[PDB]
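A short worksheet on the structure shown next.
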Amino acid sequence: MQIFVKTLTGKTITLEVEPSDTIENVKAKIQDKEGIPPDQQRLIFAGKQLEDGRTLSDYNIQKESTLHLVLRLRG
Amino acid sequence: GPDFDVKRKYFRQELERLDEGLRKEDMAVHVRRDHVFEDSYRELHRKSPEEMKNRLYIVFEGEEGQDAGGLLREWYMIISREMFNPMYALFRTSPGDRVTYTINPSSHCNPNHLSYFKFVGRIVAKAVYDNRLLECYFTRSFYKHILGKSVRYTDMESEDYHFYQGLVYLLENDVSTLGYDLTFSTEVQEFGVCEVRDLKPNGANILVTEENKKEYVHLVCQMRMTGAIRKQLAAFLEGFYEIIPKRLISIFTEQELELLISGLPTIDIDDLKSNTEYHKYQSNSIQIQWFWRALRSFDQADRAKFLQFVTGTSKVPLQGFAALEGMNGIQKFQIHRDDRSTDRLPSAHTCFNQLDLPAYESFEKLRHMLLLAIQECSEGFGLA
């Protein structure tokens, strides 16, 4: 299954994941494709922040879904 | 330069004379980032002028950021960019080299536009009252209206350079040589077929000739620049003057008023470098040498994103980087070494103008990590 992670500038990152994958797993697959440590990543879907313990199916993230990546860098 | 400082010294002093006897309080502004203009309008457009002079602090919904100054600077920046979003039909872009904005004559598209124009004028005046900076750029016509100066037809060169240079040709040449016709009316592009507004009593039935072309040039510019937006200007200036009195703001020139609202027109890395502080690193540490090399390798658009990253706004204060403001007083740009890990992206605390920079192992990695952070996190507060 392919999902899309959209960055602030609009760049798209295509991932190969399964509905049983955890949000922590998806953040790790982004680290290998963009070099960003997971503890600096925050994923948004349908206006809700995704907790690391939940799976994709727990958020009803089906095929070709688009997630939003925001970075936790500024205070 | 120095003459500008003399005006601002008098300007700020008289502003502080007028709020003697005001028990100022901290006033919260709860907004969503994707609705920052609508939310701030709901939260502030019914505040009294005395209430508007309170110290605002911003709470972005769903964001860990705590406003000690850095969130307010970003709020001013992103709200000033959303006021000119054409989706609100409040403003339009003036055609030219540098992009400036004009009041949209079709603003009754939005039924409550006069309410929003007064709010936009309030925000601009509030930004000047707070000594904060906006990403606003107006035409010479608009600045003259704020300064109470009379608008001349020569000011059309800044509003519309090519339309103005069509008027010089009409004045310079004969109407028999144009190849088209002109009447004493101007077009109403409100999605109607040949709906026009008269520049004169029964002006649509009067042809422009050599006997009256000078009167036409004068009448069309007063319309394009004040008549067509008369009600929207009055609403804007009403909200603006409620906070900054007209007698005080009018001491400035159009160029000075633009600098007062937008700050310095460029980002000088050399000026930033001579006003930088370091904690755990030294001015000659290798990552600091790589940092300045990377910052200098950025174009004007990317160094703006960097300024937003560490301070909250893309704008430079008028006194330069030696006057960068923090929480209590002046806090220069500072770089702290991040010892946690070298695989982390750089982080920033916009309230202290502080950049947490990991001890990267190569110039290529530092430049890549820095550009990724400032481009993919130019806005948004994920940390406290």
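Every residue gets a Cβ built from N, Cα and C, even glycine.
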Which residue, chosen from A:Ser57, A:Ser65, is annotated phosphoserine in Swiss-Prot?
A:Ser65
Which residues, sitting 6 or more apart from A:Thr66 ((Microbial infection) ADP-ribosylthreonine) on the same chain, put a CB under 8 Å from its CB?
A:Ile3, A:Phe4, A:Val5, A:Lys6
For A:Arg72 (site 'Interacts with activating enzyme'), the one of A:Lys27, A:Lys29, A:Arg54 that lies nearest, given that the recorded positions are compared by Cα:
A:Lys27
Using Cβ atoms only, which of the recorded positions A:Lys6, A:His68, A:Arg72 are under 8 Å from chain B?
A:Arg72
Among A:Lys6, A:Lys29, A:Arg54, the most crowded of the recorded positions [Cβ within 10 Å]:
A:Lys29
For A:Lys27, A:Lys33, A:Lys63, A:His68, A:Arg72, listed as recorded positions, tell me which one has the smallest number of other Cβ atoms within 10 Å.
A:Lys63
Integer Å distance between the CA atoms belonging to A:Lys63 (ubiquitin cross-link) and A:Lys11 (ubiquitin cross-link):
19
